[PDB]
Amino acid sequence: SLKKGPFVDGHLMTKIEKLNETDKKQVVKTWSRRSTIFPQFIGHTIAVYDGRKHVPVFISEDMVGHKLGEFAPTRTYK
Amino acid sequence: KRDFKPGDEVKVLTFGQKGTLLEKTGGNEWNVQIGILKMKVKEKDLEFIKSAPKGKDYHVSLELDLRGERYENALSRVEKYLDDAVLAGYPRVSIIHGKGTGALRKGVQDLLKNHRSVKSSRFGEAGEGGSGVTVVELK
Amino acid sequence: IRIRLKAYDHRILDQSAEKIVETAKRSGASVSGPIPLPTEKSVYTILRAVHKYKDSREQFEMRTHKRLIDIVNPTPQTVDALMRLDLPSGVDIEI
Amino acid sequence: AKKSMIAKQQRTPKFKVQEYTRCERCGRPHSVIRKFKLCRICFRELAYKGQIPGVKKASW
Amino acid sequence: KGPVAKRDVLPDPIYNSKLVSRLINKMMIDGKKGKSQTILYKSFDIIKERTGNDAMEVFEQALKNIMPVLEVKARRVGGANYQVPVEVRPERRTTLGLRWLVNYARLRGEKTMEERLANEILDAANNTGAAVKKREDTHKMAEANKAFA
Amino acid sequence: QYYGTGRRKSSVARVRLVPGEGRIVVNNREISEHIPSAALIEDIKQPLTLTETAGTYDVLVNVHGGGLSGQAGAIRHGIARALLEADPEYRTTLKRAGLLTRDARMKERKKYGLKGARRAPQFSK
Amino acid sequence: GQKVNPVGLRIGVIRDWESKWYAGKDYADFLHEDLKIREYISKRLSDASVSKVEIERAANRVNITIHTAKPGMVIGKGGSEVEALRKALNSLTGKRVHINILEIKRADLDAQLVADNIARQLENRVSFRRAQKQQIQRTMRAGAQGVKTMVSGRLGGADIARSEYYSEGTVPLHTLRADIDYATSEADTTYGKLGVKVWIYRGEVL
RNA sequence: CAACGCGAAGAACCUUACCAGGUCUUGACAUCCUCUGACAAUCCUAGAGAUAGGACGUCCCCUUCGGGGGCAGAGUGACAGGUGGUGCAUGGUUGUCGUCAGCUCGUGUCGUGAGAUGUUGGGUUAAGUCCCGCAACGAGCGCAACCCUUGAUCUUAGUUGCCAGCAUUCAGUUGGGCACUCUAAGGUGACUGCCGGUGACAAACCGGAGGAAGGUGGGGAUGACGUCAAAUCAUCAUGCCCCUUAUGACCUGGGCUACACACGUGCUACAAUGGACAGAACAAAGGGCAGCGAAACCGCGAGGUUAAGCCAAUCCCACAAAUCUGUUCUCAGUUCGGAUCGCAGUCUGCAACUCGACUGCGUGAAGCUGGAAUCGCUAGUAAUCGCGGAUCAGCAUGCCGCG
Numbered sequence: 004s005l006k007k008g009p010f011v012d013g014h015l016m017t018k019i020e021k022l023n024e025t026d027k028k029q030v031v032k033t034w035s036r037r038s039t040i041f042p043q044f045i046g047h048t049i050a051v052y053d054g055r056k057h058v059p060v061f062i063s064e065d066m067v068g069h070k071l072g073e074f075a076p077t078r079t080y081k
Numbered sequence: 636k637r638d639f640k641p642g643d644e645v646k647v648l649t650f651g652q653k654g655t656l657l658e659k660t661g662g663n664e665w666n667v668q669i670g671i672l673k674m675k676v677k678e679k680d681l682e683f684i685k686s687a688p700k701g702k703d704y705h706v707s708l709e710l711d712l713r714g715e716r717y718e719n720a721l722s723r724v725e726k727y728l729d730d731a732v733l734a735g736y737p738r739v740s741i742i743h744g745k746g747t748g749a750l751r752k753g754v755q756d757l758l759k760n761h762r763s764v765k766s767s768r769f770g771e772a773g774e775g776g777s778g779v780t781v782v783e784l785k
Numbered sequence: 006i007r008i009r010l011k012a013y014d015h016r017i018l019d020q021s022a023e024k025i026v027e028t029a030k031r032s033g034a035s036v037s038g039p040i041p042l043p044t045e046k047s048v049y050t051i052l053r054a055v056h057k058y059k060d061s062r063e064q065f066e067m068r069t070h071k072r073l074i075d076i077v078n079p080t081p082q083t084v085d086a087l088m089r090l091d092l093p094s095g096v097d098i099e100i
Numbered sequence: 002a003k004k005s006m007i008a009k010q011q012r013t014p015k016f017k018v019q020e021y022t023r024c025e026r027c028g029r030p031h032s033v034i035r036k037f038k039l040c041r042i043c044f045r046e047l048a049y050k051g052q053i054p055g056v057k058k059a060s061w
Numbered sequence: 004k005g006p007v008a009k010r011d012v013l014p015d016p017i018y019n020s021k022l023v024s025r026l027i028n029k030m031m032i033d034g035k036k037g038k039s040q041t042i043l044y045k046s047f048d049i050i051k052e053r054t055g056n057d058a059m060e061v062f063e064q065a066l067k068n069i070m071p072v073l074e075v076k077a078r079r080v081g082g083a084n085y086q087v088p089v090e091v092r093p094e095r096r097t098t099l100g101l102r103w104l105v106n107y108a109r110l111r112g113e114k115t116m117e118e119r120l121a122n123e124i125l126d127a128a129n130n131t132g133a134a135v136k137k138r139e140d141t142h143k144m145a146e147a148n149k150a151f152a
Numbered sequence: 005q006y007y008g009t010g011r012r013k014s015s016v017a018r019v020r021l022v023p024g025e026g027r028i029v030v031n032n033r034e035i036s037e038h039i040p041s042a043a044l045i046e047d048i049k050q051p052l053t054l055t056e057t058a059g060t061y062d063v064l065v066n067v068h069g070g071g072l073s074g075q076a077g078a079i080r081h082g083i084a085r086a087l088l089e090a091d092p093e094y095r096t097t098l099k100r101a102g103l104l105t106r107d108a109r110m111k112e113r114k115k116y117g118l119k120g121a122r123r124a125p126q127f128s129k
Numbered sequence: 002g003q004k005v006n007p008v009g010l011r012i013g014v015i016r017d018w019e020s021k022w023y024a025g026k027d028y029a030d031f032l033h034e035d036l037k038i039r040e041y042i043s044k045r046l047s048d049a050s051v052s053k054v055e056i057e058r059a060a061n062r063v064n065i066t067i068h069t070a071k072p073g074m075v076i077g078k079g080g081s082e083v084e085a086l087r088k089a090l091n092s093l094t095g096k097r098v099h100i101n102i103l104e105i106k107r108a109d110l111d112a113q114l115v116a117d118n119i120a121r122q123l124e125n126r127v128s129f130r131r132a133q134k135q136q137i138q139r140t141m142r143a144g145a146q147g148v149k150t151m152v153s154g155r156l157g158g159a160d161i162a163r164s165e166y167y168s169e170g171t172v173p174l175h176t177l178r179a180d181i182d183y184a185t186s187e188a189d190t191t192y193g194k195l196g197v198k199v200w201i202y203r204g205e206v207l
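Chains as they are written, first to last, in the authors' numbering: chain S, 4 to 81; chain z, 636 to 688, 700 to 785; chain J, 6 to 100; chain N, 2 to 61; chain G, 4 to 152; chain I, 5 to 129; chain C, 2 to 207.
Here it is as structure tokens:
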């Protein structure tokens, strides 16, 4: 939460913009649940590590400002 | 100006004496050893000189007499006596002993054989007086 | 000129500072008296046991004393005399 | 597993945050003192033994 | 163990009328100095207006009407828990009377503290206070259990 | 022109007093706004009322430290020792009421294993 | 638990820090430097017995004195080993060092040497009774005012550890006017670890 | 009791050991062996490790210049590494009874022996403190004192402190000066010392005079023999066990912060001895150089900007709060209480989602003094009021200390 821009790790960026540049289709892997979502990754799918398993999730239009860690619940319950 | 370094020999105008450079604390401030003093000296104040490039109270005797006293009392002070002889650098020494019980007379000689400084201990010659002396020499 | 000296034990500061004062007064110089500056303490606090009982503790500090001396006239003709002297490493000398 | 991590302590990590402090005399990561870079038990040992040239036992 | 007693907060020694004594010192068992003394003075005044006569006079008349002479203490002898009454020492008397004065002063429940203590001064000068009530309560219960000794 | 020293509780008062009319002041400022409560404006006049030097003298005090009763006691003990150095013939009368006894009522050292100075933490089986 | 260390209690009032110098803003690395230099002399000169070492930092050039009497052979023909060890010290400390050796008279009543001794014949497998008993009588023959010696661990009975002591004379630890000198040494044997502690009372300090 | 705001005096990664995944095997690392001999660094490509290639890239010092030394790389085999258990193998540590006055010994008597006497009796004390008795006579660890601090004063030294008589300022600010405060060294002082009385006159006890202080002035430190097979194999180490194709390393992410409930320790409230708003004040003790960061300006505010000074009795942290004076609220789930949420931001850090703190907003919870019970506290104490420090990128209601 700071006005010098939201914070991501660069390598996953480079692959995902070349991905949406040439061929939008298939899924992208990550171990980093830390990157802030940018509003130009609408429609894709990301396999995010929860600490134990890679989980796919779909990014919609309203998915702005969050991080990808909001959707891989690390801990379960009843 | 000069590219001054730590360890450089240098003089301060405000005090006029030769001293040694240590470190640069500011943009133009250094720490200077001037003799025993340690003044923080501004860079306009320095003038270059040059850059970076026992115990004796004792005398030790040559002999010792060890007659009429205890085993484990003596070996503490014959180890001390051998150390004193090294400090004076004697190549040869002797420890006169007793006759009757004779336990320390055979007892000391085994200690010098395994002692780290002595190579040998030997009995006296007929020209010295025979068994009136037993001699020790060191490494 | 000013001089500042400080160390942990006033039993070294007393005769070192008095020796400096007497050396200055015997030499050709004008020198006032040593003002004893306030001692400060850095109190440390540490647990006794290795694992438990934090209701057990001991207190340690770092008593360091400072005395302050000025020379009234600058006296370059005797700065060499008060320079040649030496004090043990226990006390630091500052101008 | 104690001694791999102190090697991790002297050799530098990739970010300025990761330099967690340690005492190298005895390798406790907790409760070191910045003034001596030394933690509690191995501080107290040499403190009673005589070093740290100005420490005395407090009483007031 | 060993009985001890001590002076506290007494006023200036000479010409100590009780009005100047509690004007400069005394009572003050409400908390800290400040918002304990100011309020007491205000209570003391709002009764000069109510009855145009001496405030300290009606104050010690109220204290007198609060003054007990009997107080009971319990005993463990017997499996029926008897209670025995004893004569109250004067220091205990004054501190205990002042204690009940202040506690139903704060308990009596009016809109503010000064009129609360003022009405308590009036209702202890006359015999219609809760403290007067409990005074006669312990008096009559001590008279009831006075047979034991 | 007469001098006394006053220490009560982390608060030392240096008082010099001159004959006058009873003008009471500290740090060239009036007491009545500096100490507002009459229970501490009695402190100044209490010794000079238990003796008779009430209206013939006025006081000038320099003061540092502590809180309001903190220099109030300091004022008291300062004017006390001042009147002892003035006329010590009533030293006995002033000593009978005391006020020369340096009171040992200073704050206590906070000690470990405790909260405050004596309060143990709450304890249960 | 236990007592406090007498000499740790007496530091600064009767005792010296043996590190008399002052550092500020270089206190830390200076301090750990005194630790490793002490380690170096401790495991190098363990043969000739050392008790305590005082470090001076005059003009940041380190200065050392070393105690005890058996290094009379270190002082002697071993001026070569004195020079070699000092060269290693300047190899370790950057800025160079100067060392001195101080002889100790009555080395029998110095706690470090006593504890090292008891650890030595405990490694050499004399009975702990014999070791403690001859040492204590040797000290109070030397002139010590009162000596108590400690031992703890698996004293032959490996199945249960215990502790043993003997003491006579007077050993007033509670009096701070007393001069006490404390050692601990750790005797290692095939049985595991055997602990040695010893302290010497040598009259009061006026 | 003597575990439970405890190790941990600070978990976003690290710490971290645990889990998922991806990895390596003389290895994270140490001593040696044999060669290259000085060496790795640094930036681009996929890329978390790490690999792949280039770029200064494997380049020092002494060298009667033969060769040695340092300081790494490569390879190898002995080995290394274990927070892999065992406090019931242990050393070293610590609590507890308990700051309780007890605990013992030498020598001698008596019993036969277990043992006793000393250490019991009379009196006294905080005390096995002391006195008088007494087959005991002595001694030691104990207790007290000796140490530190706080209380009263003398001398020394007056600056970065002080301002008294002075003269001048916005302010001791200056010009002056150590007077006073203070600083901190050296000292002086309190010891039943003295008097009177009680007590055998003994030890003491009681009351006075003095005295700043009076009966160990207060507080601190200081923990006997031992007990709990108390705890600590997380500082250390025979002992077994772990392997080097893993209980050893590396890396990323997660977890140590979960949640139907219970217990403890704290904080904050339930209100008019109050709340809000304005004004007026009055402390001590500490910290500050990869640090404190002034004033001023910007921003409502968290904070932002250029930045003065200070290695500090100068400068900075740093405007103490409670308190007092006045105005208002008018007894209610409230101008109480702020919980939890939504929105917008601030700082730090690669990074604030799990999982930080803070600000401006809006919303406003339960709660109107708490059962059976139960705790702390003998005066600067309790109770309240703030203020520092450590740990430290950022984080404290906890701890330590200050008034």
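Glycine included, each C-beta is placed from N, C-alpha and C at the ideal position.
Just the Cα atoms here: how many angstroms apart are residue i and residue j?
i: residue 729 (chain z); j: residue 204 (chain C); result: 30 Å
i: residue 132 (chain I); j: residue 112 (chain I); result: The first residue shown for chain I is 5 and the last is 129, placing residue 132 (chain I) beyond what the model contains.
i: residue 712 (chain z); j: residue 766 (chain z); result: 18 Å
i: residue 660 (chain z); j: residue 646 (chain z); result: 18 Å
i: residue 44 (chain J); j: residue 15 (chain I); result: 20 Å
i: residue 763 (chain z); j: residue 197 (chain C); result: 29 Å
i: residue 75 (chain G); j: residue 55 (chain I); result: 46 Å
i: residue 156 (chain C); j: residue 642 (chain z); result: 58 Å
i: residue 62 (chain G); j: residue 16 (chain G); result: 21 Å
Within the continuous beta strand (DSSP E) that includes residue i, where are the two ends?
i: residue 9 (chain I); result: 6-11
i: residue 101 (chain C); result: 98-102
i: residue 187 (chain C); result: 179-190
i: residue 151 (chain C); result: 147-154
i: residue 69 (chain C); result: Premise fails: residue 69 (chain C) is in no beta strand (DSSP E) and is neither H nor E.
With distances taken from CA atoms, which of the options is nearest residue i?
i: residue 166 (chain C); options: C:155, C:134 and C:188; result: C:134
i: residue 79 (chain I); options: I:46, I:96, I:126 and I:56; result: I:46
i: residue 1 (chain C); options: C:41, C:38 and C:24; result: Past the boundaries of the shown model lies residue 1 (chain C); chain C is included only from 2 to 207, so the question cannot be answered.
When the distance is taken between beta carbons, is residue j closer than 8 Å to residue i?
i: residue 66 (chain C); j: residue 101 (chain C); result: yes
i: residue 51 (chain I); j: residue 98 (chain I); result: yes
i: residue 24 (chain G); j: residue 121 (chain G); result: no
i: residue 84 (chain I); j: residue 104 (chain I); result: yes
i: residue 45 (chain N); j: residue 33 (chain N); result: no
i: residue 71 (chain C); j: residue 50 (chain C); result: yes
State the beta-bridge partners of residue i as determined by DSSP.
i: residue 171 (chain C); result: Per DSSP, none; premise fails for residue 171 (chain C).
i: residue 64 (chain C); result: C:57 and C:99
Would you mind reading off the limits of the alpha helix (DSSP H) that contains residue i?
i: residue 44 (chain J); result: Taken as a continuous stretch (DSSP letters only), residue 44 (chain J) belongs to no alpha helix (DSSP H), being part of the beta strand (DSSP E) at 40-45.
i: residue 136 (chain C); result: 129-143
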